[PDB]
S.K.: 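Sending over a structure as structure tokens; questions will come in a sec.
The figures that follow rest on heavy atoms only: side chains count, while hydrogens, waters and symmetry mates do not. Chain A is the first sequence line, chain B the second, and so forth, proteins listed ahead of strands; every chain is numbered from 1.
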Amino acid sequence: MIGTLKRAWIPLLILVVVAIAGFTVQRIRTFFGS
Amino acid sequence: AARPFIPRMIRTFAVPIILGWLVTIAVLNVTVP
Amino acid sequence: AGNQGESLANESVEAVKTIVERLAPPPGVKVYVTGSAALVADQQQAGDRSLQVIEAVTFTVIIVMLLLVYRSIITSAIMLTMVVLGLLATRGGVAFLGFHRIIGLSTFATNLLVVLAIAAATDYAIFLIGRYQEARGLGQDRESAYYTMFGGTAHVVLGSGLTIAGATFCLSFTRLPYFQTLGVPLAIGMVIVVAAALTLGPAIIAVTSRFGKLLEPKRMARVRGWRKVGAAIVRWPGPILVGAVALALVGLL
Amino acid sequence: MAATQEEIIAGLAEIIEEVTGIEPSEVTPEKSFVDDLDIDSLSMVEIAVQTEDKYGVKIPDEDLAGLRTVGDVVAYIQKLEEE
Amino acid sequence: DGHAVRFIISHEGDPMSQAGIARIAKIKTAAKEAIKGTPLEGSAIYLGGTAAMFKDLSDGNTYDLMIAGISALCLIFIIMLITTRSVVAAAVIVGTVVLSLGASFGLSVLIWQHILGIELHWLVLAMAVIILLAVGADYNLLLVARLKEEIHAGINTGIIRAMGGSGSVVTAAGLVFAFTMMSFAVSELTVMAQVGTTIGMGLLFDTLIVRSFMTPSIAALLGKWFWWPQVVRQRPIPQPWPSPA
Ligand SMILES: CCCCCCCCCCCCCCCCCC(=O)OC[C@H](COP(=O)([O-])OCC(O)COP(=O)([O-])OC[C@@H](COC(=O)CCCCCCCCCCCCCCCCC)OC(=O)CCCCCCCCCCCCCCCCC)OC(=O)CCCCCCCCCCCCCCCCC
Ligand SMILES: CCCCCCCCCCCCCCCCCC(=O)OC[C@H](COP(=O)([O-])OCC(O)COP(=O)([O-])OC[C@@H](COC(=O)CCCCCCCCCCCCCCCCC)OC(=O)CCCCCCCCCCCCCCCCC)OC(=O)CCCCCCCCCCCCCCCCC
Ligand SMILES: CCCCCCCCCCCCCCCCCC(=O)O[C@@H](COC(=O)CCCCCCCCCCCCCCC)COP(=O)(O)OCCN
Ligand SMILES: CCCCCCCCCCCCCCCCCC(=O)O[C@@H](COC(=O)CCCCCCCCCCCCCCC)COP(=O)(O)OCCN
Ligand SMILES: *P(=O)(O)OCC(C)(C)[C@H](O)C(=O)NCCC(=O)NCCS
């Protein structure tokens with residue numbers, strides 16, 4: 001429902017950014033050594 | 001009291017804050033290398 | 001016996017230098033101790049000999065810059081006390097948590113932590129004093145100017161400091177020990193710098209402001225020049241943006 | 001649609017105060033921005049910007065240079081108001 | 001016990017150059033191809049030394065830089081989003097941060113590599129991006145918070161007031177720290193001089209070009225779209241001219 005999702009859009013965007021960045025970081029953390 | 005709580009408290013207790021930071025720095029700098 | 005980077009390596013290099021240059025060589029010959037382990041030792045022992053000159057040159061520059069910003073000796077002295085106390089608290093806390101083996105330090109994290117702490121402390125002190133003096137130049141009395149300074153700058157200081165403490169804690173996830181060892185100590189030092197800037201700074205301002213004309217402004221005509229810059233920006237923003245991007249392209253190319 | 005000359009000067013003088021510092025007691029309809037008030041061409045730009053922001057009176061760049069006195073600005077604003 | 005044999009290899013020019021580091025993979029490939037089809041095939045090949053260590057450090061440095069950059073840029077975006085309730089302001093600040101960092105490091109590369117002839121040490125990039133990101137976060141947050149708190153009187157008047165108020169302060173702070181970092185040029189150690197002058201040139205360019213003209217210019221172009229998710233007015237409802245005095 002849009003009325004309540006567009007009220008917490010900042011925490012949702014922060015969560016999306018944190019998730020994407022964390023997955024990309026844990027992916028890059030495996031390139032060294034191998 | 002029409003002033004916010006945090007700056008009002010930092011302003012009322014201004015000199016104990018300064019002295020507390022002073023003894024903190026003193027201990028932290030003389031009790032360890 | 002050591003391991004390039006550790007202190008046992010320098011132990012061993014200086015011990016070998018002692019053994020070698022302890023007894024005289026035959027006439028007409030000289031003996032040296034090279035390798036990328038005596039170079040590292042000499043580099044790490046001359047770095048702290050040049051940093052003792054840098055520690056004086058940076059403060060000699062700080063004092064001049066402070067006198068140029070605030071055309072006043074007492075204001076520069078007050079701000080310098082703020083910065084020095086923040087730096088001292090940061091160094092003490094980090095050296096304490098490293099000495100008691102609570103956190104893992106390094107002789108590179110220290111040289112970077114000093115720089116970051118001085119930067120943050122100077123920035124926050126300038127922010128606080130500048131907001132206070134700007135509110136003072138608009139007519140507000142000392143108490144109203146103190147509260148305007150706090151309400152305008154404290155949350156900025158807190159947010160920026162916590163962002164730096166998080167960014168330089170995410171270095172703990174890197175793989176190189178150079179960067180990996182920067183995470184915890186730099187984050188803790190940032191937390192200490194922020195706590196100092198947000199409690200001791202305002203307290204020093206609230207104490208010194210109630211004596212004579214200590215923190216009263218002098219350079220208020222700089223606000224007018226910066227207002228004229230802002231006017232030029234809001235009137236012709238397109239050309240100014242084109243010029244700025246053209247200047248940035250010089251470096252980006 | 002007939003904001004009086006005194007009213008326009010009153011609203012303009014409290015922008016001139018914030019921009020420069022000249023008291024509204026000095027802003028009289030015969031003073032020159034360059035000579036008497038000593039207001040450069042870049043402070044006039046922000047006087048015009050703040051006038052447009054506060055009272056909606058838009059003064060372009062080509063017309064801002066030809067307003068030498070305070071009376072010229074008042075006359076410009078009144079003639080713009082007349083439409 | 002005779003199960004391992006070792007070879008001591010020397011380079012021709014500088015071992016720690018870009019060529020001496022690229023030679024490590026070639027040495028390993030040559031050793032692997034020499035035992036191909038022999039009774040020694042399938043043996044383990046180990047290569048140690050200084051150029052091998054620096055090859056490993058070279059590979060790891062770029063991934064560590066990417067990790068730190070991703071983390072720092074995401075943290076900066078998050079704090080700009082929390083402070084200014086705006087996606088466009090946060091994205092513009094992140095973009096200007098990236099552009100300023102790039103331009104500053106390019107200017108330092110110019111000054112040192114092309115003019116002075118000395119290349120930049122491999123740690124200068126990391127030590128510079130760390131400090132530059134931190135101080136840029138400081139100064140950008142202080143500017144946009146004032147912008148947000150003053151655009152209520154009009155976006156143009158708000159930008160003028162925010163400049164006159166906080167641009168002075170961020171410029172003073174940036175200049176102070178830039179000139180205390182450029183004081184490292186007196187060191188005998190060229191790596192310290194390079195780090196100091198890189199941070200100093202980066203802060204000079206940043207505070208005198210990017211934060212001084214480019215960020216408020218972008219805020220002025222995008223009038224109400226700088227705060228997009230929030231609905232702001234370009235200017236308030238016009239007021240009537242006040243009664244005299
Ligand atoms: C041991 C050795 C170690 C080495 C280090 C040691 C050295 C130690 C000593 C260091 C000495 C430096 C001392 C610094 C002084 C500190 C000043 C201070 O505290 O700050 C507040 C300071 C207050 O000044 P004030 O003396 O108190 O008086 C106030 C005015 O007089 C008020 O009077 P007014 O109202 O009548 O009007 C004047 C008004 C101004 O009024 C106006 O004129 C308005 C103009 C509107 C602009 C309209 C067109 C806009 C064009 C857009 C295009 C975009 C790009 C434009 C670039 C700028 C073009 C102007 O002035 C202002 O107040 C605001 C000035 C705005 C400044 C913006 C210009 C930025 C310059 C950017 C170029 C620099 C390149 C950076 C790249 C560096 C690369 C490494 O603010 C300033 O005025 C800025 C002055 C200094 C800022 C930096 C300028 C140079 C300083 C050093 C930089 C070195 C770079 C050289 C590189 C060479 C290139 C190849
Ligand atoms: C290492 C990578 C790590 C990550 C990198 C960093 C990641 C973050 C990226 C940063 C993102 C930037 C944020 C931009 C968002 C702003 C858009 C917005 O929502 O505002 C609405 C805004 C609407 O405002 P408006 O049109 O004025 O509304 C009409 C008014 O109501 C009434 O209209 P009026 O009567 O006032 O008429 C006048 C009006 C005109 O009114 C109109 O009707 C114009 C409408 C047509 C324009 C739209 C056409 C766009 C078609 C192309 C779209 C390109 C988008 C690219 C992807 C997004 C950007 C990344 O004049 C204007 O306002 C137009 C000027 C505004 C643009 C000026 C520049 C501001 C943009 C910020 C970038 C600064 C440029 C620096 C250059 C960098 C050089 C390297 O959108 C626009 O139309 C402005 C266009 C913005 C151009 C963006 C170009 C960015 C260039 C950088 C790209 C680099 C990416 C490379 C990635 C890596 C590749 C290797
Ligand atoms: C370097 C790391 C950077 C990573 C960051 C990635 C950036 C991705 C940006 C994605 C943009 C998504 C923003 C979501 C829109 C939020 C607007 C909304 O939902 O509510 C607004 C309502 O306004 C609207 O009605 C607009 C609705 C249209 C939204 C459509 C979403 C557009 C998605 C943009 C796509 C751009 C993706 C770019 C990806 C690179 C405001 O509500 P409010 O006033 O109650 O809350 C404010 C108080 N806190
Ligand atoms: C490694 C550990 C750290 C990890 C941290 C990860 C990243 C965390 C990100 C931190 C975000 C913190 C956000 C706080 C500032 C956000 C700015 C904001 O929300 O804007 C509002 C800010 O609102 C607030 O006031 C937020 C509360 C901040 C008050 C600051 C009080 C400082 C406390 C002094 C003691 C400091 C001791 C803290 C030690 C760390 C606008 O308020 P206003 O303009 O109306 O005026 C405010 C003052 N009247
Ligand atoms: P004043 O006589 O000093 O004139 C100043 C101004 C800046 C008003 C100038 O002469 C002018 O009228 N137009 C130039 C536009 C401009 O400055 N654009 C931005 C610089 S890229």
Side-chain angles (χ1 to χ4, degrees), chain D residues 1-31 39-61 64 67 70-83, chain E residues 84 86 88-89 143-171 207-209 211-228 230-245:
Chain D
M1 192 180 287
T4 75
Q5 202 247 338
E6 279 39 344
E7 291 184 356
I8 294 184
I9 294 173
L12 211 69
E14 49 175 307
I15 304 180
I16 289 173
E17 179 151 14
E18 177 206 354
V19 166
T20 79
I22 301 158
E23 210 149 302
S25 27
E26 303 191 5
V27 185
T28 59
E30 74 280 334
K31 285 220 169 291
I39 296 178
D40 44 342
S41 60
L42 207 42
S43 293
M44 285 295 301
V45 163
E46 71 171 310
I47 289 178
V49 162
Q50 303 208 164
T51 299
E52 189 184 348
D53 263 336
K54 190 150 206 156
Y55 309 100
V57 175
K58 175 190 288 192
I59 306 176
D61 276 318
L64 186 63
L67 304 167
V70 185
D72 297 357
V73 183
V74 178
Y76 185 91
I77 293 169
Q78 284 188 307
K79 292 187 285 185
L80 209 68
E81 252 190 285
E82 207 33 28
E83 294 93 6
Chain E
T84 69
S86 175
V88 179
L143 190 61
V144 301
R146 191 70 182 272
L147 215 48
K148 190 196 173 55
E149 94 177 13
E150 279 191 318
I151 48 154
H152 72 85
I155 282 156
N156 280 359
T157 295
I159 288 175
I160 290 179
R161 295 190 210 271
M163 276 281 107
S166 280
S168 296
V169 180
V170 299
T171 297
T207 59
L208 293 178
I209 299 300
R211 199 158 307 109
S212 188
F213 296 97
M214 175 185 302
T215 298
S217 296
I218 296 170
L221 270 306
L222 318 170
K224 66 197 175 97
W225 303 103
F226 193 67
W227 321 92
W228 156 58
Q230 323 301 304
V231 185
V232 307
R233 271 182 152 263
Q234 178 75 33
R235 47 184 54 86
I237 296 180
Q239 310 196 37
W241 292 95
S243 296

S.K.: Identify which of E/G154, E/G164, E/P242 forms the greatest number of heavy-atom pairs closer than 4.5 Å to chain D.
M.R.: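 Highest number of heavy-atom pairs under 4.5 Å: E/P242.
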
S.K.: Among E/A245, E/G158, E/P244, E/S243, which residue forms the greatest number of heavy-atom pairs with chain D at distances under 4.5 Å?
M.R.: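 Answer, by heavy-atom pair count under 4.5 Å with chain D: E/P244.
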
S.K.: What part of D/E81 lies closer than 4.5 angstrom to a heavy atom of chain E: side chain, backbone, both or neither?
M.R.: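 Interface part for D/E81: side chain.
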
S.K.: Less than 4.5 Å to any heavy atom of chain D: does that hold for the side chain of E/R233, its backbone, both, or neither?
M.R.: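 Answer is neither: E/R233 stays 4.5 Å or more from chain D.
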
S.K.: I'd like to check E/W241 versus D/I77 (side-chain heavy atoms, cut-off strictly below 4.5 Å). Are they in contact?
M.R.: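 Yes, close enough: below the 4.5 Å cut-off.
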
S.K.: Could you measure the distance from the CG atom of D/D53 to the CD atom of E/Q239? Nearest 0.5 Å is fine.
M.R.: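 One finds 11.0 Å between CG of D/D53 and CD of E/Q239.
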
S.K.: For chain E, which residues from residues 20-30 of chain D have at least one heavy atom closer than 4.5 Å to it?
M.R.: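 Checking residues 20-30 of chain D against chain E gives no residue, so none.
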
S.K.: Side chains of E/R235 and D/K54: closer than 4.5 Å at any heavy-atom pair?
M.R.: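 They are not in contact (no side-chain heavy atoms under 4.5 Å apart), so the answer is no.
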
S.K.: Working to the nearest 0.5 angstrom, can you tell me the gap between E/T157 OG1 and D/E52 CD?
M.R.: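 One finds 9.0 Å between OG1 of E/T157 and CD of D/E52.
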
